[PDB]
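Shown next: final_5.cif, containing mmCIF, C-alpha atoms and all ligand atoms.
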data_data
loop_
_atom_site.label_atom_id
_atom_site.label_comp_id
_atom_site.auth_asym_id
_atom_site.auth_seq_id
_atom_site.Cartn_x
_atom_site.Cartn_y
_atom_site.Cartn_z
CA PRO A 1 0.00 0.00 0.00
CA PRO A 2 2.16 2.89 -1.24
CA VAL A 3 1.43 6.28 0.32
CA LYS A 4 1.58 9.56 -1.60
CA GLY A 5 3.70 11.10 1.14
CA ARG A 6 7.42 10.61 1.58
CA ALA A 7 8.75 7.28 2.82
CA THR A 8 8.69 7.21 6.62
CA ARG A 9 8.41 4.59 9.33
CA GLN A 10 4.91 5.74 10.32
CA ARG A 11 3.33 5.03 6.93
CA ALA A 12 5.16 1.73 6.52
CA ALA A 13 4.22 0.59 10.03
CA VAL A 14 0.53 1.43 9.67
CA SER A 15 0.37 -0.13 6.20
CA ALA A 16 2.02 -3.33 7.42
CA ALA A 17 -0.28 -3.51 10.45
CA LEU A 18 -3.32 -3.04 8.20
CA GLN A 19 -2.04 -5.76 5.86
CA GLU A 20 -1.56 -8.17 8.78
CA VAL A 21 -5.17 -7.75 9.96
CA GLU A 22 -7.95 -8.96 7.64
CA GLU A 23 -10.93 -7.65 9.64
CA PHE A 24 -12.86 -4.39 9.50
CA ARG A 25 -11.75 -2.33 12.50
CA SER A 26 -12.08 1.23 13.76
CA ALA A 27 -9.28 3.78 14.05
CA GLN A 28 -9.12 3.44 17.84
CA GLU A 29 -8.87 -0.35 17.64
CA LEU A 30 -6.11 -0.07 15.04
CA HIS A 31 -4.23 2.41 17.22
CA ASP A 32 -4.55 0.16 20.28
CA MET A 33 -3.32 -2.88 18.36
CA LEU A 34 -0.40 -0.89 16.94
CA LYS A 35 0.52 0.32 20.43
CA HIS A 36 0.40 -3.26 21.71
CA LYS A 37 2.66 -4.31 18.82
CA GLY A 38 5.14 -1.61 19.89
CA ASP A 39 4.74 0.82 16.99
CA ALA A 40 4.17 3.77 19.36
CA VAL A 41 2.29 5.64 16.62
CA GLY A 42 -0.19 8.44 17.22
CA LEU A 43 -3.94 8.11 16.87
CA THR A 44 -4.15 11.36 14.89
CA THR A 45 -1.43 10.01 12.59
CA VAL A 46 -3.47 6.83 12.16
CA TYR A 47 -6.47 8.96 11.20
CA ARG A 48 -4.59 11.10 8.66
CA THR A 49 -2.79 8.16 7.05
CA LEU A 50 -5.99 6.11 6.94
CA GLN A 51 -7.87 8.98 5.28
CA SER A 52 -5.05 9.36 2.75
CA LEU A 53 -5.17 5.63 1.97
CA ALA A 54 -8.96 5.75 1.61
CA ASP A 55 -8.62 8.65 -0.83
CA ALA A 56 -5.98 6.64 -2.70
CA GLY A 57 -8.48 3.78 -3.07
CA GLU A 58 -6.07 1.11 -1.79
CA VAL A 59 -8.34 0.37 1.20
CA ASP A 60 -12.03 -0.38 1.75
CA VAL A 61 -14.07 1.87 4.04
CA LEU A 62 -17.30 1.01 5.84
CA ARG A 63 -19.66 2.77 8.25
CA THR A 64 -20.80 1.04 11.43
CA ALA A 65 -24.47 0.89 12.36
CA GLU A 66 -24.07 3.07 15.45
CA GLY A 67 -22.04 5.72 13.61
CA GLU A 68 -18.35 4.82 13.83
CA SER A 69 -16.29 3.79 10.80
CA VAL A 70 -14.36 0.55 10.23
CA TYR A 71 -11.78 -0.12 7.54
CA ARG A 72 -10.30 -3.21 5.90
CA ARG A 73 -7.77 -4.15 3.22
CA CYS A 74 -8.90 -6.46 0.40
CA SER A 75 -6.49 -7.99 -2.10
CA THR A 76 -8.79 -7.57 -5.11
CA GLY A 77 -8.53 -4.18 -6.78
CA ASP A 78 -11.74 -4.60 -8.77
CA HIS A 79 -15.03 -3.17 -7.54
CA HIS A 80 -16.78 -5.42 -5.03
CA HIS A 81 -19.31 -5.44 -2.19
CA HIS A 82 -19.02 -6.75 1.36
CA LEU A 83 -20.79 -9.21 3.65
CA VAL A 84 -19.86 -8.28 7.24
CA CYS A 85 -20.76 -10.24 10.37
CA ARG A 86 -21.40 -7.75 13.17
CA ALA A 87 -21.06 -10.44 15.85
CA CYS A 88 -17.60 -11.53 14.66
CA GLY A 89 -16.51 -8.58 12.52
CA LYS A 90 -15.31 -10.84 9.70
CA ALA A 91 -15.88 -9.48 6.20
CA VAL A 92 -16.00 -11.34 2.88
CA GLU A 93 -15.95 -9.68 -0.54
CA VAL A 94 -18.31 -10.67 -3.36
CA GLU A 95 -19.51 -9.27 -6.68
CA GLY A 96 -22.81 -9.73 -8.47
CA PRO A 97 -23.78 -8.08 -11.78
CA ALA A 98 -27.44 -7.76 -10.74
CA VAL A 99 -26.88 -4.71 -8.52
CA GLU A 100 -24.92 -2.99 -11.29
CA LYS A 101 -27.58 -3.70 -13.92
CA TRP A 102 -30.36 -2.50 -11.62
CA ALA A 103 -28.46 0.69 -10.81
CA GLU A 104 -27.83 1.36 -14.51
CA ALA A 105 -31.49 0.73 -15.38
CA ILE A 106 -32.70 3.02 -12.58
CA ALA A 107 -30.29 5.77 -13.63
CA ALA A 108 -31.39 5.49 -17.27
CA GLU A 109 -35.09 5.50 -16.37
CA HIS A 110 -34.82 8.48 -13.99
CA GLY A 111 -32.31 10.39 -16.15
CA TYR A 112 -29.70 10.69 -13.40
CA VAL A 113 -26.37 11.81 -14.85
CA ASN A 114 -24.07 9.88 -12.48
CA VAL A 115 -24.82 7.58 -9.56
CA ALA A 116 -22.80 6.11 -6.69
CA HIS A 117 -24.26 2.96 -5.13
CA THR A 118 -23.22 1.58 -1.73
CA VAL A 119 -24.09 -2.07 -1.02
CA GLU A 120 -22.60 -3.37 2.25
CA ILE A 121 -24.74 -6.07 3.83
CA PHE A 122 -24.70 -7.74 7.24
CA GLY A 123 -25.55 -11.21 8.52
CA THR A 124 -24.61 -13.77 11.16
CA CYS A 125 -22.35 -16.61 10.06
CA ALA A 126 -22.48 -20.27 11.08
CA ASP A 127 -20.07 -20.13 14.03
CA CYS A 128 -22.33 -17.70 15.92
CA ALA A 129 -25.06 -20.34 16.23
CA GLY A 130 -22.53 -22.98 17.25
CA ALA A 131 -21.69 -23.14 20.95
CA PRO B 1 -47.52 7.78 12.37
CA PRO B 2 -49.39 6.73 15.54
CA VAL B 3 -47.34 6.59 18.74
CA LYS B 4 -47.55 3.91 21.42
CA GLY B 5 -47.99 6.43 24.24
CA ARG B 6 -50.69 9.01 24.80
CA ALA B 7 -51.00 11.47 21.94
CA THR B 8 -49.80 14.97 22.83
CA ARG B 9 -49.63 18.20 20.86
CA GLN B 10 -45.84 17.88 20.51
CA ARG B 11 -46.06 14.37 19.07
CA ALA B 12 -48.93 15.43 16.82
CA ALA B 13 -46.95 18.47 15.68
CA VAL B 14 -43.85 16.45 14.79
CA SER B 15 -46.03 13.89 13.00
CA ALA B 16 -47.67 16.69 11.01
CA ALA B 17 -44.23 18.07 10.16
CA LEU B 18 -43.04 14.62 9.05
CA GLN B 19 -46.03 14.06 6.76
CA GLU B 20 -45.87 17.67 5.52
CA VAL B 21 -42.54 17.22 3.71
CA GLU B 22 -41.09 14.41 1.58
CA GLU B 23 -37.31 14.99 1.58
CA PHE B 24 -34.87 13.43 4.04
CA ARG B 25 -34.00 15.51 7.10
CA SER B 26 -32.45 15.08 10.54
CA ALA B 27 -33.76 16.04 13.96
CA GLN B 28 -32.11 19.43 13.93
CA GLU B 29 -33.44 20.21 10.46
CA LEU B 30 -37.01 19.21 11.33
CA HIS B 31 -36.72 21.03 14.65
CA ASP B 32 -35.63 24.19 12.88
CA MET B 33 -38.62 24.13 10.55
CA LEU B 34 -41.05 23.48 13.43
CA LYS B 35 -39.60 26.32 15.51
CA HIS B 36 -39.93 28.67 12.54
CA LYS B 37 -43.57 27.79 11.91
CA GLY B 38 -44.50 28.21 15.59
CA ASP B 39 -44.51 24.79 17.28
CA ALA B 40 -41.98 25.44 20.09
CA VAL B 41 -41.01 21.81 20.71
CA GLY B 42 -37.81 20.54 22.30
CA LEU B 43 -34.73 18.98 20.75
CA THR B 44 -34.55 15.83 22.86
CA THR B 45 -38.34 15.53 22.64
CA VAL B 46 -38.25 15.28 18.85
CA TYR B 47 -35.23 12.95 19.20
CA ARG B 48 -37.23 10.61 21.42
CA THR B 49 -40.29 10.73 19.15
CA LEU B 50 -38.15 9.95 16.12
CA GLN B 51 -36.42 7.06 17.91
CA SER B 52 -39.85 5.65 18.83
CA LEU B 53 -41.17 6.06 15.28
CA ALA B 54 -38.10 4.38 13.78
CA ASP B 55 -38.55 1.54 16.27
CA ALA B 56 -42.15 1.26 15.05
CA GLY B 57 -40.93 1.64 11.46
CA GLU B 58 -43.43 4.34 10.48
CA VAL B 59 -40.55 6.47 9.14
CA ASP B 60 -37.49 5.49 7.09
CA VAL B 61 -33.92 6.05 8.27
CA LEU B 62 -30.72 6.80 6.37
CA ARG B 63 -27.13 7.55 7.40
CA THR B 64 -25.60 10.37 5.36
CA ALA B 65 -21.97 10.59 4.27
CA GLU B 66 -20.90 12.37 7.47
CA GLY B 67 -22.79 9.86 9.63
CA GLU B 68 -25.78 11.79 10.96
CA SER B 69 -29.10 10.06 10.39
CA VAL B 70 -31.78 11.70 8.25
CA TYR B 71 -35.41 10.63 8.13
CA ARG B 72 -38.38 10.50 5.79
CA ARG B 73 -42.03 9.58 6.38
CA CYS B 74 -42.44 7.45 3.26
CA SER B 75 -45.86 6.84 1.73
CA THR B 76 -45.22 3.19 0.88
CA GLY B 77 -45.06 0.84 3.87
CA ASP B 78 -43.76 -2.35 2.26
CA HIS B 79 -40.13 -3.28 1.64
CA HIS B 80 -38.54 -0.71 -0.66
CA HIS B 81 -35.36 1.24 -1.38
CA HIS B 82 -34.80 4.95 -1.99
CA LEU B 83 -32.87 6.79 -4.70
CA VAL B 84 -31.71 10.04 -3.09
CA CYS B 85 -30.16 13.18 -4.60
CA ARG B 86 -27.92 14.98 -2.11
CA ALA B 87 -28.18 18.30 -3.96
CA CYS B 88 -32.01 18.16 -3.95
CA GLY B 89 -32.96 15.81 -1.11
CA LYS B 90 -35.73 14.22 -3.17
CA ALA B 91 -36.27 10.50 -2.57
CA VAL B 92 -37.69 8.18 -5.24
CA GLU B 93 -39.20 4.86 -4.14
CA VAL B 94 -37.46 2.12 -6.15
CA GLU B 95 -37.83 -1.60 -5.43
CA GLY B 96 -36.26 -4.57 -7.18
CA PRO B 97 -36.64 -8.30 -6.45
CA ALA B 98 -33.34 -9.03 -8.22
CA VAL B 99 -31.24 -7.60 -5.38
CA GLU B 100 -33.30 -9.49 -2.80
CA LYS B 101 -32.85 -12.76 -4.71
CA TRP B 102 -29.11 -12.11 -5.02
CA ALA B 103 -28.83 -11.39 -1.29
CA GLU B 104 -30.73 -14.58 -0.44
CA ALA B 105 -28.59 -16.62 -2.83
CA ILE B 106 -25.28 -15.34 -1.47
CA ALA B 107 -26.51 -15.77 2.12
CA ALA B 108 -27.49 -19.38 1.42
CA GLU B 109 -24.22 -20.10 -0.40
CA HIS B 110 -22.19 -18.77 2.54
CA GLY B 111 -24.49 -20.53 5.02
CA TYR B 112 -25.48 -17.29 6.74
CA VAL B 113 -28.60 -17.53 8.88
CA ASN B 114 -30.15 -14.08 8.36
CA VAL B 115 -29.58 -11.25 5.88
CA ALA B 116 -30.16 -7.55 6.65
CA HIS B 117 -29.23 -5.69 3.47
CA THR B 118 -28.26 -2.01 3.61
CA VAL B 119 -28.66 -0.67 0.06
CA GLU B 120 -28.63 2.97 -1.04
CA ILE B 121 -27.94 4.76 -4.33
CA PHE B 122 -26.70 8.36 -4.42
CA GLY B 123 -27.02 10.36 -7.63
CA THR B 124 -27.68 13.73 -9.26
CA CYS B 125 -30.68 14.86 -11.28
CA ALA B 126 -30.45 15.95 -14.90
CA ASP B 127 -31.53 19.43 -13.79
CA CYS B 128 -28.61 19.47 -11.33
CA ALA B 129 -26.08 19.27 -14.17
CA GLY B 130 -27.91 21.96 -16.12
CA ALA B 131 -27.45 25.60 -15.16
ZN ZN C 201 -13.04 -5.33 -0.21
ZN ZN C 202 -21.82 -2.70 -7.47
ZN ZN C 203 -20.29 -14.41 13.04
ZN ZN C 204 -40.12 5.07 1.52
ZN ZN C 205 -34.60 -4.63 -0.26
ZN ZN C 206 -31.02 16.76 -7.82
#

Would you put the structure from the file into structure tokens?
Ligand SMILES: [Zn+2]
Ligand SMILES: [Zn+2]
Ligand SMILES: [Zn+2]
Ligand SMILES: [Zn+2]
Ligand SMILES: [Zn+2]
Ligand SMILES: [Zn+2]
Amino acid sequence: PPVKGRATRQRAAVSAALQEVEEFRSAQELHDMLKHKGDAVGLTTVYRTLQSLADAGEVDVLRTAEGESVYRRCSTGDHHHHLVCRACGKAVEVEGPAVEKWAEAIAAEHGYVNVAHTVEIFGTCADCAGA
Amino acid sequence: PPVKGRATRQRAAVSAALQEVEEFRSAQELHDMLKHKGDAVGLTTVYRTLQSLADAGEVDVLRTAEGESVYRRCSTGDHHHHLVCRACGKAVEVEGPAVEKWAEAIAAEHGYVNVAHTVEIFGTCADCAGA
């Protein structure tokens, strides 16, 4: 995950920590995990670098139900949607043409110039039922 | 939008305000319009009434880009989605069984028990582009 800014240990450390974790997590959780790992990196720095990465498109953003924001890194660069288990926090990426075709048809019917569709869905996975 | 508790002039006033308009708006925005027209109702009061209505489902909820939740008393009561223009605030009731079938199929394939899809499309009207 290259960063537009100059090469520094902060950007490399946060990028590596994000790569290690494969779960949607908030900025505070990321900062706490980085502190536990010994990075000793600032929360405000985490916020700025994370916003820069989100603007760069190398990372996947998501908004929590209560209002906070979680973020995750997905290997695929192509456009995709997310299934996120709130109980576990695990996220899996998928892609289905149906949403794209429906969005295009709706835009054509209503004459909208450009549209931006967000499809991030939630559901409990099997392990939650298991005890 | 009937309320579970005893009807009062404040609850009736906020209900009248909700049914008066059709665009999405937050508590502060609805409160501002009610204060201007001469209702003189409280902030936390309208917050509580809107939380109760959303619990009952009489109104429809939506988290904006910033995160704050805007609301709309929608005419149609069945399952539906909304196409929203941020520049205008108009909401168009659009429903498609294709997305529901896709969500059910992916949930079954992944073995997920329940699916709670969060789907929204943001766009701009043709008039918006024109000047
Ligand atoms: Zn992804
Ligand atoms: Zn899509
Ligand atoms: Zn789970
Ligand atoms: Zn509606
Ligand atoms: Zn639906
Ligand atoms: Zn518009």

ask   = Need the neighbours of (-35.1, 17.8, 14.9): which residues are at most 6 Å away, counting only C-alpha atoms, as a ChimeraX atom specification?
value = /B:26-31,43,46

Using only C-alpha atoms and a cut-off of 7 Å, which residues of chain B sit close to chain A? Please list them as JSON, numbers by chain. {"B": [67, 98, 99, 111, 112, 113, 114, 115, 116, 117, 118, 119, 120, 121, 122, 123, 124, 125, 126]}

| task | List all protein, DNA and RNA residues that have any atom at most 10 Å from ligand ZN 201 (chain C), counting all atoms listed in the file, and write the list as a VMD selection string. | result | chain A and resid 24 58 to 62 71 to 83 91 to 95

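Between atom CA of residue A:42 and atom CA of residue A:57 the interatomic distance comes to 22.4 Å.
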
Near-residue B:40 list (12 Å; only C-alpha atoms; drop same-chain fewer than 4 positions) as an MDAnalysis selection string
chainID B and resid 9:11 13:14 30:36 45:46

| message | Let me make sure I understand: among A:17, A:108, A:87, A:70, which one has the smallest atom-to-atom distance to residue A:51 if we use all atoms listed in the file? | response |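 When distances to residue A:51 are compared using all atoms listed in the file, the smallest one comes from A:70.
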
- request: Take atom CA of residue B:3 and atom CA of residue B:56 and report the distance between them in Å, one decimal.
  value: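 Spanning atom CA of residue B:3 to atom CA of residue B:56 is a straight-line distance of 8.3 Å.
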
**Report entry** One-decimal distance in Å that lies between atom CA of residue B:52 and atom CA of residue B:4
**Finding:**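 Atom CA of residue B:52 lies 8.3 Å from atom CA of residue B:4.
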
Could you model N, CA, C and O atoms for stretch 57-83 of chain A and present them as a PDB file, in the coordinates of the input?
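This is the output file selection36.pdb:
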ATOM      1  N   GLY A  57      -7.723   4.918  -2.593  1.00  0.00           N
ATOM      2  CA  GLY A  57      -8.480   3.780  -3.070  1.00  0.00           C
ATOM      3  C   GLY A  57      -7.861   2.430  -2.794  1.00  0.00           C
ATOM      4  O   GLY A  57      -8.430   1.413  -3.210  1.00  0.00           O
ATOM      5  N   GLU A  58      -6.721   2.379  -2.103  1.00  0.00           N
ATOM      6  CA  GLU A  58      -6.070   1.110  -1.790  1.00  0.00           C
ATOM      7  C   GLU A  58      -6.733   0.362  -0.646  1.00  0.00           C
ATOM      8  O   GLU A  58      -6.366  -0.790  -0.394  1.00  0.00           O
ATOM      9  N   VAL A  59      -7.691   0.979   0.051  1.00  0.00           N
ATOM     10  CA  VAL A  59      -8.340   0.370   1.200  1.00  0.00           C
ATOM     11  C   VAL A  59      -9.852   0.510   1.049  1.00  0.00           C
ATOM     12  O   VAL A  59     -10.352   1.338   0.284  1.00  0.00           O
ATOM     13  N   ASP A  60     -10.574  -0.321   1.796  1.00  0.00           N
ATOM     14  CA  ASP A  60     -12.030  -0.380   1.750  1.00  0.00           C
ATOM     15  C   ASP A  60     -12.595   0.194   3.043  1.00  0.00           C
ATOM     16  O   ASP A  60     -12.271  -0.280   4.139  1.00  0.00           O
ATOM     17  N   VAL A  61     -13.439   1.216   2.905  1.00  0.00           N
ATOM     18  CA  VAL A  61     -14.070   1.870   4.040  1.00  0.00           C
ATOM     19  C   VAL A  61     -15.422   1.209   4.308  1.00  0.00           C
ATOM     20  O   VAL A  61     -15.974   0.497   3.467  1.00  0.00           O
ATOM     21  N   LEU A  62     -15.958   1.452   5.502  1.00  0.00           N
ATOM     22  CA  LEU A  62     -17.300   1.010   5.840  1.00  0.00           C
ATOM     23  C   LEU A  62     -17.760   1.790   7.063  1.00  0.00           C
ATOM     24  O   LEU A  62     -16.947   2.168   7.909  1.00  0.00           O
ATOM     25  N   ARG A  63     -19.066   2.025   7.146  1.00  0.00           N
ATOM     26  CA  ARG A  63     -19.660   2.770   8.250  1.00  0.00           C
ATOM     27  C   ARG A  63     -20.411   1.808   9.161  1.00  0.00           C
ATOM     28  O   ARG A  63     -21.236   1.014   8.695  1.00  0.00           O
ATOM     29  N   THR A  64     -20.121   1.883  10.457  1.00  0.00           N
ATOM     30  CA  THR A  64     -20.800   1.040  11.430  1.00  0.00           C
ATOM     31  C   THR A  64     -22.246   1.492  11.606  1.00  0.00           C
ATOM     32  O   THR A  64     -22.625   2.616  11.264  1.00  0.00           O
ATOM     33  N   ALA A  65     -23.061   0.589  12.154  1.00  0.00           N
ATOM     34  CA  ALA A  65     -24.470   0.890  12.360  1.00  0.00           C
ATOM     35  C   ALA A  65     -24.657   2.046  13.333  1.00  0.00           C
ATOM     36  O   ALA A  65     -25.486   2.937  13.111  1.00  0.00           O
ATOM     37  N   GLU A  66     -23.890   2.050  14.426  1.00  0.00           N
ATOM     38  CA  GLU A  66     -24.070   3.070  15.450  1.00  0.00           C
ATOM     39  C   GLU A  66     -23.519   4.424  15.039  1.00  0.00           C
ATOM     40  O   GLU A  66     -23.971   5.447  15.567  1.00  0.00           O
ATOM     41  N   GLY A  67     -22.560   4.461  14.113  1.00  0.00           N
ATOM     42  CA  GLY A  67     -22.040   5.720  13.610  1.00  0.00           C
ATOM     43  C   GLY A  67     -20.545   5.720  13.339  1.00  0.00           C
ATOM     44  O   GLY A  67     -20.073   6.484  12.493  1.00  0.00           O
ATOM     45  N   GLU A  68     -19.790   4.874  14.036  1.00  0.00           N
ATOM     46  CA  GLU A  68     -18.350   4.820  13.830  1.00  0.00           C
ATOM     47  C   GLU A  68     -18.041   4.225  12.455  1.00  0.00           C
ATOM     48  O   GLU A  68     -18.924   3.749  11.734  1.00  0.00           O
ATOM     49  N   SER A  69     -16.762   4.265  12.087  1.00  0.00           N
ATOM     50  CA  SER A  69     -16.290   3.790  10.800  1.00  0.00           C
ATOM     51  C   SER A  69     -15.237   2.705  11.010  1.00  0.00           C
ATOM     52  O   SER A  69     -14.352   2.851  11.860  1.00  0.00           O
ATOM     53  N   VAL A  70     -15.345   1.627  10.240  1.00  0.00           N
ATOM     54  CA  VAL A  70     -14.360   0.550  10.230  1.00  0.00           C
ATOM     55  C   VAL A  70     -13.754   0.476   8.838  1.00  0.00           C
ATOM     56  O   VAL A  70     -14.313   0.972   7.854  1.00  0.00           O
ATOM     57  N   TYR A  71     -12.564  -0.119   8.764  1.00  0.00           N
ATOM     58  CA  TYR A  71     -11.780  -0.120   7.540  1.00  0.00           C
ATOM     59  C   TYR A  71     -11.050  -1.443   7.407  1.00  0.00           C
ATOM     60  O   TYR A  71     -10.621  -2.029   8.405  1.00  0.00           O
ATOM     61  N   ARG A  72     -10.908  -1.911   6.166  1.00  0.00           N
ATOM     62  CA  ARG A  72     -10.300  -3.210   5.900  1.00  0.00           C
ATOM     63  C   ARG A  72      -9.567  -3.167   4.574  1.00  0.00           C
ATOM     64  O   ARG A  72      -9.911  -2.387   3.685  1.00  0.00           O
ATOM     65  N   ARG A  73      -8.553  -4.020   4.447  1.00  0.00           N
ATOM     66  CA  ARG A  73      -7.770  -4.150   3.220  1.00  0.00           C
ATOM     67  C   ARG A  73      -8.175  -5.440   2.513  1.00  0.00           C
ATOM     68  O   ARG A  73      -8.172  -6.517   3.121  1.00  0.00           O
ATOM     69  N   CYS A  74      -8.518  -5.324   1.231  1.00  0.00           N
ATOM     70  CA  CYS A  74      -8.900  -6.460   0.400  1.00  0.00           C
ATOM     71  C   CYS A  74      -7.939  -6.562  -0.772  1.00  0.00           C
ATOM     72  O   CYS A  74      -7.602  -5.552  -1.397  1.00  0.00           O
ATOM     73  N   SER A  75      -7.498  -7.788  -1.064  1.00  0.00           N
ATOM     74  CA  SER A  75      -6.490  -7.990  -2.100  1.00  0.00           C
ATOM     75  C   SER A  75      -7.006  -7.551  -3.471  1.00  0.00           C
ATOM     76  O   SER A  75      -6.278  -6.911  -4.240  1.00  0.00           O
ATOM     77  N   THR A  76      -8.252  -7.889  -3.794  1.00  0.00           N
ATOM     78  CA  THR A  76      -8.790  -7.570  -5.110  1.00  0.00           C
ATOM     79  C   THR A  76      -8.896  -6.063  -5.296  1.00  0.00           C
ATOM     80  O   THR A  76      -9.387  -5.346  -4.419  1.00  0.00           O
ATOM     81  N   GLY A  77      -8.430  -5.585  -6.448  1.00  0.00           N
ATOM     82  CA  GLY A  77      -8.530  -4.180  -6.780  1.00  0.00           C
ATOM     83  C   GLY A  77      -9.820  -3.829  -7.499  1.00  0.00           C
ATOM     84  O   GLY A  77     -10.210  -2.659  -7.550  1.00  0.00           O
ATOM     85  N   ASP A  78     -10.492  -4.835  -8.052  1.00  0.00           N
ATOM     86  CA  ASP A  78     -11.740  -4.600  -8.770  1.00  0.00           C
ATOM     87  C   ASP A  78     -12.852  -4.210  -7.800  1.00  0.00           C
ATOM     88  O   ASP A  78     -12.787  -4.467  -6.596  1.00  0.00           O
ATOM     89  N   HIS A  79     -13.888  -3.581  -8.350  1.00  0.00           N
ATOM     90  CA  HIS A  79     -15.030  -3.170  -7.540  1.00  0.00           C
ATOM     91  C   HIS A  79     -15.745  -4.386  -6.975  1.00  0.00           C
ATOM     92  O   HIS A  79     -15.961  -5.381  -7.674  1.00  0.00           O
ATOM     93  N   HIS A  80     -16.119  -4.306  -5.700  1.00  0.00           N
ATOM     94  CA  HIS A  80     -16.780  -5.420  -5.030  1.00  0.00           C
ATOM     95  C   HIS A  80     -17.577  -4.883  -3.848  1.00  0.00           C
ATOM     96  O   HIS A  80     -17.387  -3.747  -3.405  1.00  0.00           O
ATOM     97  N   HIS A  81     -18.475  -5.726  -3.345  1.00  0.00           N
ATOM     98  CA  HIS A  81     -19.310  -5.440  -2.190  1.00  0.00           C
ATOM     99  C   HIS A  81     -18.943  -6.386  -1.055  1.00  0.00           C
ATOM    100  O   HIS A  81     -18.215  -7.363  -1.248  1.00  0.00           O
ATOM    101  N   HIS A  82     -19.462  -6.096   0.141  1.00  0.00           N
ATOM    102  CA  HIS A  82     -19.020  -6.750   1.360  1.00  0.00           C
ATOM    103  C   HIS A  82     -20.184  -7.366   2.125  1.00  0.00           C
ATOM    104  O   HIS A  82     -21.264  -6.769   2.227  1.00  0.00           O
ATOM    105  N   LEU A  83     -19.951  -8.573   2.645  1.00  0.00           N
ATOM    106  CA  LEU A  83     -20.790  -9.210   3.650  1.00  0.00           C
ATOM    107  C   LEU A  83     -20.014  -9.186   4.964  1.00  0.00           C
ATOM    108  O   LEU A  83     -18.935  -9.783   5.050  1.00  0.00           O
TER     109      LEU A  83
END
